[PDB]
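What follows is data.tsv (TSV, C-alpha atoms).
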chain	number	residue	atom	x	y	z
A	149	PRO	CA	9.29	-8.73	7.05
A	150	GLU	CA	10.44	-11.04	4.25
A	151	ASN	CA	6.68	-11.56	3.75
A	152	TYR	CA	5.54	-8.02	2.80
A	153	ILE	CA	5.93	-9.01	-0.86
A	154	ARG	CA	3.45	-11.89	-0.46
A	155	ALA	CA	0.91	-10.05	1.72
A	156	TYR	CA	0.77	-7.30	-0.91
A	157	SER	CA	0.92	-9.74	-3.86
A	158	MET	CA	-2.04	-11.65	-2.39
A	159	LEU	CA	-4.01	-8.41	-2.06
A	160	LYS	CA	-2.96	-7.29	-5.54
A	161	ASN	CA	-4.01	-10.58	-7.16
A	162	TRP	CA	-7.40	-10.46	-5.38
A	163	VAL	CA	-7.95	-6.88	-6.55
A	164	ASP	CA	-6.86	-7.73	-10.12
A	165	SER	CA	-9.48	-10.49	-10.50
A	166	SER	CA	-12.26	-8.68	-8.57
A	167	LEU	CA	-15.58	-7.68	-10.18
A	168	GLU	CA	-15.30	-4.67	-12.53
A	169	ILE	CA	-17.84	-2.85	-10.35
A	170	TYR	CA	-15.45	-2.99	-7.34
A	171	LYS	CA	-12.06	-2.79	-9.11
A	172	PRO	CA	-11.84	1.03	-9.45
A	173	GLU	CA	-12.21	1.67	-5.68
A	174	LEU	CA	-9.95	-1.25	-4.75
A	175	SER	CA	-7.21	0.01	-7.08
A	176	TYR	CA	-7.38	3.46	-5.40
A	177	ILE	CA	-6.57	1.91	-2.02
A	178	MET	CA	-3.59	-0.01	-3.48
A	179	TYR	CA	-1.35	3.01	-3.88
A	180	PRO	CA	-1.30	4.30	-0.29
A	181	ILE	CA	-1.12	0.72	0.96
A	182	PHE	CA	1.98	0.11	-1.21
A	183	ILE	CA	3.63	3.34	0.02
A	184	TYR	CA	3.04	2.72	3.74
A	185	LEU	CA	4.18	-0.92	3.47
A	186	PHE	CA	7.35	0.38	1.73
A	187	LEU	CA	8.08	3.11	4.31
A	188	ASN	CA	7.73	0.54	7.13
A	189	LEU	CA	10.12	-1.79	5.25
A	190	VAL	CA	12.74	0.90	4.67
A	191	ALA	CA	13.06	1.21	8.46
A	192	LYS	CA	13.16	-2.58	8.98
A	193	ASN	CA	15.15	-4.02	6.05
A	194	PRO	CA	16.34	-1.74	3.19
A	195	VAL	CA	17.29	-4.73	0.98
A	196	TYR	CA	13.69	-5.99	1.15
A	197	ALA	CA	12.23	-2.49	0.87
A	198	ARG	CA	14.15	-2.05	-2.40
A	199	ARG	CA	12.90	-5.30	-3.98
A	200	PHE	CA	9.38	-4.56	-2.76
A	201	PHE	CA	9.56	-1.02	-4.23
A	202	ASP	CA	10.99	-2.14	-7.60
A	203	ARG	CA	8.44	-4.98	-8.02
A	204	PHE	CA	5.19	-3.08	-7.31
A	205	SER	CA	5.96	0.61	-7.99
A	206	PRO	CA	5.62	0.17	-11.79
A	207	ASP	CA	1.88	-0.32	-11.10
A	208	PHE	CA	1.51	3.36	-10.15
A	209	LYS	CA	3.53	5.07	-12.88
A	210	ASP	CA	0.54	6.38	-14.89
A	211	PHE	CA	-0.99	8.32	-12.01
A	212	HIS	CA	1.82	8.65	-9.45
A	213	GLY	CA	5.04	8.49	-11.51
A	214	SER	CA	6.32	11.75	-10.07
A	215	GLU	CA	6.05	10.58	-6.44
A	216	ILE	CA	7.47	7.15	-7.31
A	217	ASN	CA	10.67	8.62	-8.80
A	218	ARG	CA	11.21	10.83	-5.76
A	219	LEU	CA	11.11	7.72	-3.53
A	220	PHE	CA	13.96	5.75	-5.18
A	221	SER	CA	16.42	7.73	-2.99
A	222	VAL	CA	14.62	6.64	0.23
A	223	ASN	CA	16.98	3.88	1.47
A	224	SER	CA	17.10	4.45	5.26
A	225	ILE	CA	15.33	5.86	8.35
A	226	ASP	CA	17.35	9.06	7.88
A	227	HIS	CA	16.34	9.39	4.19
A	228	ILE	CA	12.65	9.16	5.28
A	229	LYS	CA	12.46	12.59	7.02
A	230	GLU	CA	14.79	14.00	4.36
A	231	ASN	CA	12.33	13.10	1.59
A	232	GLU	CA	9.45	15.51	0.94
A	233	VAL	CA	7.10	12.92	-0.62
A	234	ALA	CA	7.71	10.43	2.24
A	235	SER	CA	7.24	13.20	4.86
A	236	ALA	CA	3.90	14.09	3.25
A	237	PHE	CA	2.86	10.42	3.65
A	238	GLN	CA	3.86	9.99	7.32
A	239	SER	CA	2.66	13.34	8.72
A	240	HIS	CA	-1.06	12.63	8.09
A	241	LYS	CA	-3.44	9.79	7.22
A	242	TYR	CA	-4.09	9.36	3.48
A	243	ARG	CA	-7.64	10.29	2.52
A	244	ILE	CA	-9.57	7.81	0.35
A	245	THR	CA	-13.28	7.60	-0.45
A	246	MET	CA	-14.88	4.18	-0.78
A	247	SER	CA	-18.13	2.25	-0.64
A	248	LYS	CA	-19.12	0.40	2.54
A	249	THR	CA	-19.39	-2.78	0.44
A	250	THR	CA	-15.86	-2.26	-0.86
A	251	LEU	CA	-14.28	-1.65	2.55
A	252	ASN	CA	-16.13	-4.72	3.85
A	253	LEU	CA	-15.19	-6.77	0.79
A	254	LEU	CA	-11.59	-5.74	1.47
A	255	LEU	CA	-11.55	-6.30	5.25
A	256	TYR	CA	-13.31	-9.64	4.91
A	257	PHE	CA	-10.63	-10.83	2.46
A	258	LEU	CA	-7.68	-9.67	4.57
A	259	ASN	CA	-9.34	-11.26	7.62
A	260	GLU	CA	-9.66	-14.63	5.90
A	261	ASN	CA	-5.97	-14.29	4.99
A	262	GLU	CA	-4.57	-12.96	8.29
A	263	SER	CA	-1.80	-15.60	8.52
A	264	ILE	CA	-0.65	-14.91	4.96
A	265	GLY	CA	-0.34	-11.16	5.65
A	266	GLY	CA	-3.95	-10.01	6.00
A	267	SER	CA	-3.25	-8.64	9.53
A	268	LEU	CA	-0.35	-6.50	8.29
A	269	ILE	CA	-2.54	-4.85	5.64
A	270	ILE	CA	-5.46	-4.24	8.01
A	271	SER	CA	-2.96	-2.58	10.39
A	272	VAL	CA	-1.74	-0.23	7.63
A	273	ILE	CA	-5.35	0.68	6.66
A	274	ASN	CA	-6.37	1.14	10.31
A	275	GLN	CA	-3.53	3.55	11.10
A	276	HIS	CA	-2.44	5.18	7.83
A	277	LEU	CA	-5.65	5.53	5.82
A	278	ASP	CA	-8.56	7.89	6.44
A	279	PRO	CA	-11.53	6.26	4.70
A	280	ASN	CA	-14.48	8.44	3.81
A	281	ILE	CA	-17.16	5.76	3.72
A	282	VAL	CA	-20.05	6.27	1.28

Step by step, read the file and then write its structure as structure tokens.
Amino acid sequence: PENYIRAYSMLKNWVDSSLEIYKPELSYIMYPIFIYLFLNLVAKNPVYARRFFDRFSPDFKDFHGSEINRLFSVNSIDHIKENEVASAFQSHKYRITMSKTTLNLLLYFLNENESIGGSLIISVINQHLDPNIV
């Protein structure tokens, strides 16, 4: 709950210092992971959801600025279904394409960090992401 910021920060830091050969695919997965963590938090604790949103959403302004700005207004469980960008996220799993080695690199790292928030991330990937493995 009050830990989402660390779970995601841990992931983020690992991605940021990963090998350049893996970093493009790992960065792709960051965006949906951020969004689903945020939507979950809005329902649980809007104060935390806000801080979480405002800390990490600047990372996605180049490619997803439009969707980011439409999600500022999403402050409650009611505002979730109201929002068109948020509704598009919850109604279907987010499609991503990634290497086997990358998914395994990722799942191994979250596994080794389960107690720090690894489990939470794996749970978001398992239920909100639709990986096309290549």

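Atom CA of residue A:159 lies 23.1 Å from atom CA of residue A:220.
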
Mind checking which residues fall within 10 Å of residue A:205, counting all atoms listed in the file, ignoring those fewer than 6 positions away in the same chain, and posting them as a VMD selection string? chain A and resid 179 182 to 183 186 199 212 to 213 216 to 217 219 to 220

Restrict the selected residues to C-alpha atoms and save them as a PDB file, keeping the file's coordinate frame.
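File produced: part-v7.pdb:
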ATOM      1  CA  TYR A 179      -1.350   3.010  -3.880  1.00  0.00           C
ATOM      2  CA  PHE A 182       1.980   0.110  -1.210  1.00  0.00           C
ATOM      3  CA  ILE A 183       3.630   3.340   0.020  1.00  0.00           C
ATOM      4  CA  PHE A 186       7.350   0.380   1.730  1.00  0.00           C
ATOM      5  CA  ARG A 199      12.900  -5.300  -3.980  1.00  0.00           C
ATOM      6  CA  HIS A 212       1.820   8.650  -9.450  1.00  0.00           C
ATOM      7  CA  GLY A 213       5.040   8.490 -11.510  1.00  0.00           C
ATOM      8  CA  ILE A 216       7.470   7.150  -7.310  1.00  0.00           C
ATOM      9  CA  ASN A 217      10.670   8.620  -8.800  1.00  0.00           C
ATOM     10  CA  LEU A 219      11.110   7.720  -3.530  1.00  0.00           C
ATOM     11  CA  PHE A 220      13.960   5.750  -5.180  1.00  0.00           C
TER      12      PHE A 220
END

Ranking A:282, A:153, A:255, A:184 by minimum distance to residue A:233 and counting all atoms listed in the file, which one comes first?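 Answer, going by the shortest atom-to-atom distance: A:184.
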
Kindly indicate which residue among A:155, A:163, A:270, A:281 lies nearest to residue A:178, using all atoms listed in the file for the distances. A:163

I'd like the contact shell of residue A:264 - 9 Å cut-off, all atoms listed in the file, skipping same-chain residues fewer than 3 positions apart - returned as a short mmCIF file (atom, residue, chain, number, x, y, z; two decimals) with C-alpha atoms, in the coordinates of the input.
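File around_10.cif, as written:
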data_model
loop_
_atom_site.label_atom_id
_atom_site.label_comp_id
_atom_site.auth_asym_id
_atom_site.auth_seq_id
_atom_site.Cartn_x
_atom_site.Cartn_y
_atom_site.Cartn_z
CA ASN A 151 6.68 -11.56 3.75
CA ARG A 154 3.45 -11.89 -0.46
CA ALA A 155 0.91 -10.05 1.72
CA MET A 158 -2.04 -11.65 -2.39
CA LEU A 258 -7.68 -9.67 4.57
CA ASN A 261 -5.97 -14.29 4.99
CA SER A 267 -3.25 -8.64 9.53
#

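If you measure from each of A:197, A:271, A:246, A:218 to residue A:171 using only C-alpha atoms, the closest one turns out to be A:246.
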
Tell me, in Å to one decimal, how far atom CA of residue A:181 is from atom CA of residue A:252.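 Atom CA of residue A:252 lies at a distance of 16.2 Å from atom CA of residue A:181.
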